[PDB]
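Chains as they are written, first to last, in the entry's author numbering: chain A, 1095 to 1342; chain B, 548 to 597; chain C, 16 to 933, 948 to 1126, 1136 to 1373; chain D, 2 to 74; chain E, 797 to 945. Input: a single structure, listed below in structure tokens.
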Amino acid sequence: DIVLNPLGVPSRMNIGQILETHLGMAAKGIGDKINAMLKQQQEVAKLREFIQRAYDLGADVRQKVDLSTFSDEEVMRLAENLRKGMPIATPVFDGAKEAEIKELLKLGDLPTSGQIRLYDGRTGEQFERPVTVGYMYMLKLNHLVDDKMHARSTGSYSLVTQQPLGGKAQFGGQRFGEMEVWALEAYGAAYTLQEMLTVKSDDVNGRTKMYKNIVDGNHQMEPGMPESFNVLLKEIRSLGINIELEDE
Amino acid sequence: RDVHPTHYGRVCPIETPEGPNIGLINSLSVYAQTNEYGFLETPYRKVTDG
Amino acid sequence: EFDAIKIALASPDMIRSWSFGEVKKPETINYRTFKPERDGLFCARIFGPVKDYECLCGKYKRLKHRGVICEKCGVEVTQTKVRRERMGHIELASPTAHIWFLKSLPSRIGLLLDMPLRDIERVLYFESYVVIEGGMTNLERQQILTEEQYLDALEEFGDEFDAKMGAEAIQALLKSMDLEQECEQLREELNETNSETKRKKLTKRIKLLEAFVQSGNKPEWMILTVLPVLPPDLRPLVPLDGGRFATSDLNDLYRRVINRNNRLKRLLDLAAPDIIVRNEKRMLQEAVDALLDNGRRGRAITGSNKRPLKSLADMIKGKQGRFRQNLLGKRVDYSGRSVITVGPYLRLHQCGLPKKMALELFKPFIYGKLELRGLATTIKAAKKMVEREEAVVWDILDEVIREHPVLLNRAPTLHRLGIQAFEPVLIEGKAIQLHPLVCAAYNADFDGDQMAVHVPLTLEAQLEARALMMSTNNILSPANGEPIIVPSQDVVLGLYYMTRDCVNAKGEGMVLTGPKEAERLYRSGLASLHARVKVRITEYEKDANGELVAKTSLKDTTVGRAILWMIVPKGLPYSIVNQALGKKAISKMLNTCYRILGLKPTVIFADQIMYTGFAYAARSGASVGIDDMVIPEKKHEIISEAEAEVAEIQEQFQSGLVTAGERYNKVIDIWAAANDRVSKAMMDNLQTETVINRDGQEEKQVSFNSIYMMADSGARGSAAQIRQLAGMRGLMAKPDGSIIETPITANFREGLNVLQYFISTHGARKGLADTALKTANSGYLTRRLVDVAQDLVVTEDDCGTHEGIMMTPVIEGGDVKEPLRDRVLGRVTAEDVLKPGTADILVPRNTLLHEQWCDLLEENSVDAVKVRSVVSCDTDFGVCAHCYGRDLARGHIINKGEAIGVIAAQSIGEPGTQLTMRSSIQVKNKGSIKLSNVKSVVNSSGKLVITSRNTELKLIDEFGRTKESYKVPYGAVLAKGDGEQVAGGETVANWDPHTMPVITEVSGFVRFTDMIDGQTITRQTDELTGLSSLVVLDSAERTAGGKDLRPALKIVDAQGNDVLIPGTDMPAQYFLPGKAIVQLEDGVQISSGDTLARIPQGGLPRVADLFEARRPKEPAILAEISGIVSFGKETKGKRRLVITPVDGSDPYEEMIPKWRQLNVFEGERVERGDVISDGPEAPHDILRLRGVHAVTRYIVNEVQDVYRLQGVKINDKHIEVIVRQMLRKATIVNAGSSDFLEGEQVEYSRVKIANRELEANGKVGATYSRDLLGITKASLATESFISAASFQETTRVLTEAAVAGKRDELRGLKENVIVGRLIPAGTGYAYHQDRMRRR
Amino acid sequence: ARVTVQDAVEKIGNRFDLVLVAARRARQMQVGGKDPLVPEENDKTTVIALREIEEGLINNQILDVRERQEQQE
Amino acid sequence: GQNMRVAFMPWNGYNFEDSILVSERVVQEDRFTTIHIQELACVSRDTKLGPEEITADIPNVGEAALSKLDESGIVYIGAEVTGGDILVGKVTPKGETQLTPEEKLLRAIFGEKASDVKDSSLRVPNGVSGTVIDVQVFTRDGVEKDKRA
DNA sequence: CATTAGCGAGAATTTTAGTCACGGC
RNA sequence: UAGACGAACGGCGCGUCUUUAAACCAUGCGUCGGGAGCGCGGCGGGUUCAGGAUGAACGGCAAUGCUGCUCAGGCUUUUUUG
DNA sequence: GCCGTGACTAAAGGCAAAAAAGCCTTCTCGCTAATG
Ligand SMILES: [Mg+2]
Ligand SMILES: [Zn+2]
Ligand SMILES: [Zn+2]
């Protein structure tokens, strides 16, 4: 059901993932046998040894369980609840070694190498080498795709600088960062930068005319003047400093 | 920000948020608890002549 | 619309010309309704109406009332946009002093009056008197008094003198200050005085007075009298939820200032005592100063929020300032965001796109086509059915996005590849699907990164996007010629798995007609994917004049290589596939195609490479496993053995024989050796495997372990990761930097105990902190590169100058780090290339050196080539095409109109994130010995000693190519000679490093002349050695009566007379320094130049400081004027020296700390620009001494050495560009016929072009000197004042430009970016050329 | 169905002049009339102009000549 | 989280760098199906030109948008509202913008008694569907409560 | 049925450079 | 219930009064609307002068009106991601 | 006294997002409202 990537194993150095997968493979394999004997509805006695056989596996383990105390109905209920896989507990720094995992898998009917053959669904042919297959715990993060989809063609406009708003809540656009501006100047792209900085950001005359022209078919911008620049002028004119343009 | 060799048992060294603030949001250990004054202390087992 | 931008101060009449009225009432709104107050901060009468084309009182409406002032309302009626234009003015009751000119680091008013800054503040804030009119009394024009001093002085002189308090007094003094008389007295006094301390402030004063004189200004304008008012809308009182209103803090500042002004003006009529009015004047001055800039003078005024209220100056500067937040980069429309997701079936030039995002994005586009086809009538109807998503909507949407390019953007971007163009293809889902091969260009991974999309609109934008920004047109990174479409991860692993032979496999040992049937064998399962078999193939060679040559042959190869050969284009030969096909080769392989078969076959071949790699990697089934990691069996045993050694070593520390440090070093060495041994053993056992061949014999072929396929092929990770997985981790570092004594004996495949795992966190946390912090310095550094390189742009074809730099392959005493072939590739020679045989021209001058010529360069084994260098190009405001050489983006000569500076800044900034923030000489290899700048002599024993300084070693091969380079001190030992075909691995040099020799020069008899016993020299026969010898003492016991006396040992021959040194009859006596023991005695033989005495004694921040050239804490001193070395008067604090030229006089003297080390003595001849002490070298004096061509070589060498140490390839020519912007400013030496001050500092380009036209007439040139101004100071010292303001420190730049009255011409790039005009680069270069031609 | 413009670029001096001349010709296309000189395959006018660039009968000088001869009616 | 069957292998580039491949069996069994609960707030203040009132009387709205609402203007519990629809109908008053004889006659024929209304009703955010599970009403004291309240 | 509150409106750390102040010979 | 008034007109709203224009507030309560230019004259407000708190003249603009012609949501604070 | 040195002060220090919240001076009064 899930196809992971092996090349993320060496660089990330998270080799515990492979061991966790191998342990998971043995756990589910144990459940199948319990599932199989439950399907045949075998006697409680046949259960009592087998579940004891799994728990008795392990060297000097601190978890000692006596199934003889459990009644027949308790064993039946536990086995029914156990058919989805035997839970394996592992202390953070006292976990079982590779040999213990191999011995546990030996109780099952799986190859000791933990790599079974596979057949491709599209081609139906056996792969060249055995492949690792097992069970893993998966988490769905709290970053939904539709919570990040956001696009604006023409929404609202700021009252201070006459620029499009920012943020998904207000149909905000995208901030064309300064690094992106230098990236554009790196190419020969001058027309794109000019139009993006004049007729789509703040030029009241431009974006009004541009919106009409594109509907009418024409694809042609007009220079205009960025109203943000005018603000700065007034801001500079707000102080004792005098600034002004010159003749055309 | 760097982890000090005295954090053993009192401050977890491997769990902390990444980004602008790393090492300032250090989390508590499991067995750790607070002292009467407010210092961090950990349980320990006493050894008597082996 | 406008030509240039002019900036200067303002005057009250000019302010009134701006203004429409006066504000007199601090109230803002009625707040009963939502109408503006009368004469308030939003007065309709003074600014404009509220809603378009009806007055406030509503008497006048309709179209007929335009341009009418409704008398009842008193408001001019027009559109509301005038609210963004009109400005008010406040008439303050008393004059006030503008804070900016008051309180910059160079005080404008303070400098103008030649007055200390501290006392001016006291005068302005009403605490101490100042004389404004001395008269015929005992007081001066600018004298200072206190209140009691004024009280006493008032009665003595009465009304003859006048002394006042405050901005009115300052303005009165300023107005009465003449300008022409001050200019004349400054001119006459400047020539008279001779004191460098006075010269600095003197030149600053005369410059400021000249600037005021030459411009139409008046000093009193620096003192404010009327205050302009920001328009109302720019400080919006937006209604928030409920009756409360959102008030911008600026309106609060206006309210406070108006309240203070009203209180002062109403108190002025009451004739209150001076105590009361002075306090109110101080309050008004503080309020206006805080309004101009908050927090400057004192505590910043804060509201109930307890945060500093924003000021006008604050709203300009800073990350939240107007410039960097809403001018360079502004939020844009027609955009979108998504989560990036890989898609394999896509072609190279197309990327996926969600249906919803494209449908909403292209809403303007579909509208026009919808009404074109008649399916819609009006705009609102169109909006109605588009949100109904009818069937025709999808059809028309697909119609309008057939080949409409889109832009993909990732935040942040680091270089030119961060912005890309694509041809979208509509796809279902909610994610952007991107071609895999380009994700490496983004430096992005598919782990939830978010992609951004924009849409071009104009025809020009779409056309240029198609022509330039699609991934097809950009295959080679601007940083270096290597491609950026390098395969990685799955494709490389699969392709490596394709080309890897096994000794025995099914289908081994037959012959195939061609690749076509070979592909048949693998699918049917008859033969394994890899088997050494013979096959017939076809090769199309273009060895002729651009035409294919087909030939048939038989090759011993694997089946997989034949399979891969099908998608290979015609030109490439088959030898390019017979190897193992590693990651390094294949990328280069791709590059080779770009050198032969153009562009489109290369891109199609890359697509086929992806498809084949994915398909056969999927069919391969490469999987990782626990059993894959084979831990060496001996490893554990070895570890045990290692313990034994340390178990012994600690005993030696407990026995007292070995100290802690020595034991520490021994333990470190033992652990390092054990780690290296176990690593070698594990690599040996993992890399190999055993298998039985077809003949029943076990043959050791290369191991087929999965870890080894990821390792060797280089798909992911490095050998360090494999070492750490199976072998023990080795030594590890403590947080401080020390190495832990006990390393980790275990690996990841086995368990890790708690204590061993804890210490592992130190490295991980430190690395994470480095990653978190290093990005801050890096990106910031990038800005400091962009701002100083934005101006440069190619303008002309050729400057027509043959001057250039000499460039040689870099050698560091070992392997040559970069061969000459790589360095010179893609450049233009400054001079003709001459064969080692003279008068033979291998390559003509002014010829671009591409790959084919480089073959001729290496075939003839050229020693070195001089190439054109843009640091000295003759062009102006740009660099000519030929000086820059070959463009990396296109592979050919550079074009006209593209900005080199920006791409250079990106190339130098992007790899910054990959950096890290925190005796004897033995000949290495075979070859002869050659030395240059060597002046050697033969000693008594026949050995070779050296009498020079720049003696360098060379390992001349059989052809003459350089192999080695070393530096040696004086009096070295040589076991061989120059030009001898010597063998390698031989000790050819040896000398004592830890102390310095006081060796003589020629043989003879030592005669200890002027030998003083008692204070200077005494027979210190130390009881430690018991050896009677003459020992010269230090400066402690001796004093000025004996220290100044130099005991000189007159080196004489057997005749006892002065040695006849060749060229000089000066006696070669060597003055004995302090703590110099005379080991030898008189009457004993001396070798030829034997020792007299054994005299005793880095990362990204480094690169950043080097670019702006920090002065080192220990600046090594070098020679200044070539001449004979002479000493000077000492003991005056420290030591002094003077150098005398052969012909010219010797006016040079300098102070040298005598405690510092020395390398030069009296009886020596030194050339200028040669070291005196040793240590780091300040590049300023290097440029002053050795010239431009030397400083450019040092900076490039050091930065390239750092980057190569960090293993990132960066072309050299990018560094040079910044260097050209590094030397933008020069300083006049002598004015000559020019019209500039002697101490004036003027940009080199302008001073040269101005000089050239003057010297073209019957005049003479002007002597100058190019200086060194770091980026942080070079950016601000730029003519384009707005450009400097955009970068940093707006306050100083704006004030300096205003007082000087500068005038920008929009020559730069960022200037045209700001005003939205076409950039003077790229496609916009042609338009400006049309513009300037008509002007 | 155009992927690269390398032949178009080599037919002209640089890329930027090609972009500007193609923009002028495409604007002449879109405004009204002025049908192209090559058969079309359901493609927008932007890529239509680029086509006559590689076949090479149009450049800045040729476009200027055509404009002059049409305005000298 | 969940427990899943995994295999380490490249598969036709769909796991090129870090992308994860997931079978349709996952969504068939609803293993990773999740629930979100968003909250929408509608405010009825007393601004100028009269107070703000909430009811079903809205202009320029289709009958489909009213089939999901009661007479009081509150959507029923359990209604499967979609994106861009109407949840609570809120109106605010204005003047009447004078009289024009042709439009007056057309309005009188239509039957609009008083067209002094501006639509500010709360709408479902775009792109999100779901089912309403609860509606809570807060009303100031001294204000009459409608039949819904 | 009487008292006071009250409320909306009105107003009183780290790096480095540049610059000023002292000093010593 | 109706009628009248509320910086020029009208409609509606709100407040006051009952045949009266007052009362209310004070850049003279709120919203909206008058096809435009040229011609007349002035609502409305301003200037000057005089008179000794008042009166006269004036036209830069211009109300209701009239004959003729032409025109179609910022900041701050956190958390997380790359 | 004049060049040299220490102390003080100014400026700047990744880019994009999302998500939440809190909130836009403090002292005083008559008619209506809150309290007994
Ligand atoms: Mg990432
Ligand atoms: Zn009015
Ligand atoms: Zn040149």
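The beta carbon of each residue, even a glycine, is placed where N, CA and C say it ideally should be.
Put simply, the CB of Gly1282 (chain A) is near chain D, with a gap under 8 Å to one of its CB atoms. The beta carbon of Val1226 (chain C) sits no closer than 7 Å to any heavy atom of ligand 3. Along the stretch 444-473 of chain C, the positions whose C-beta sits under 8 Å from a C-beta of chain E are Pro451, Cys454, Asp460, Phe461 and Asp462, read in chain order.
When C:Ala1018, C:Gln771, C:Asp1305 and C:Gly1213 are compared, the shortest CA-CA separation from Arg1224 (chain C) is found for C:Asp1305.
In the three-state reduction of the DSSP assignment, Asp460 (chain C) falls in the coil class. For the stretch 1304-1331 of chain A, the set of residues with a beta-carbon nearer than 8 Å to any beta-carbon of chain D comprises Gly1311, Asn1312, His1313 and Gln1314, in chain order. Residues of chain C whose Cβ lies closer than 8 Å to the Cβ of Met1107 (chain A) are, in chain order, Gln736, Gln739, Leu740 and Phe763.
Pairwise C-beta distances place the stretch 1245-1258 of chain C in contact with the stretch 913-932 of chain C, as three or more of them are shorter than 8 Å. Relative to ligand 3, even the nearest heavy atom lies 7 Å or more away from the CB of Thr844 (chain C). Here the alpha carbon of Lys1167 (chain C) sits roughly 50 Å from the alpha carbon of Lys789 (chain C).
Between the stretch 335-343 of chain C and the stretch 1326-1335 of chain A, the count of Cβ pairs shorter than 8 Å is three or higher; the stretches touch.
Taking all protein chains in view, the Cβ of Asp870 (chain C) is surrounded by fewer than 16 other Cβ atoms within 10 Å, so the residue is classified as exposed. Between the C-alpha atoms of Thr674 (chain C) and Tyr555 (chain B) there is a straight-line separation of about 30 Å.
Where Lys566 (chain C) is concerned, the enclosing beta strand (DSSP E) starts and stops at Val564 to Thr572.
Remark: C-beta atoms of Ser1058 (chain C) and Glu1110 (chain C) approach each other more closely than 8 Å.
Distance from the C-beta of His897 (chain C) to the nearest heavy atom of ligand 3 is below 7 Å.
Bounds of the alpha helix (DSSP H) holding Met400 (chain C) are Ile394 to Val401. Across the set A:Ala1120, A:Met1290, A:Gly1152 and A:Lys1178, the C-alpha of A:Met1290 shows the shortest separation from the C-alpha of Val468 (chain C). Less than 8 Å separates the beta-carbon of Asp54 (chain C) from that of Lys40 (chain C). For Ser961 (chain C), the enclosing beta strand (DSSP E) covers residues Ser957 to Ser961.
At a cut-off of 8 Å between C-beta atoms, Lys1133 (chain A) does not count as an interface residue with respect to chain E. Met1370 (chain C) has a beta carbon lying at 8 Å or more from every beta carbon in chain A. For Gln702 (chain C), the enclosing alpha helix (DSSP H) starts and ends at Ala675 to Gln702. With a threshold of 7 Å, the Cβ atom of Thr816 (chain C) counts as near ligand 3, since some heavy atom of the ligand is closer than that. Taking C-beta atoms as the reference points, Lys886 (chain E) and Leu865 (chain E) fail to come closer than 8 Å.
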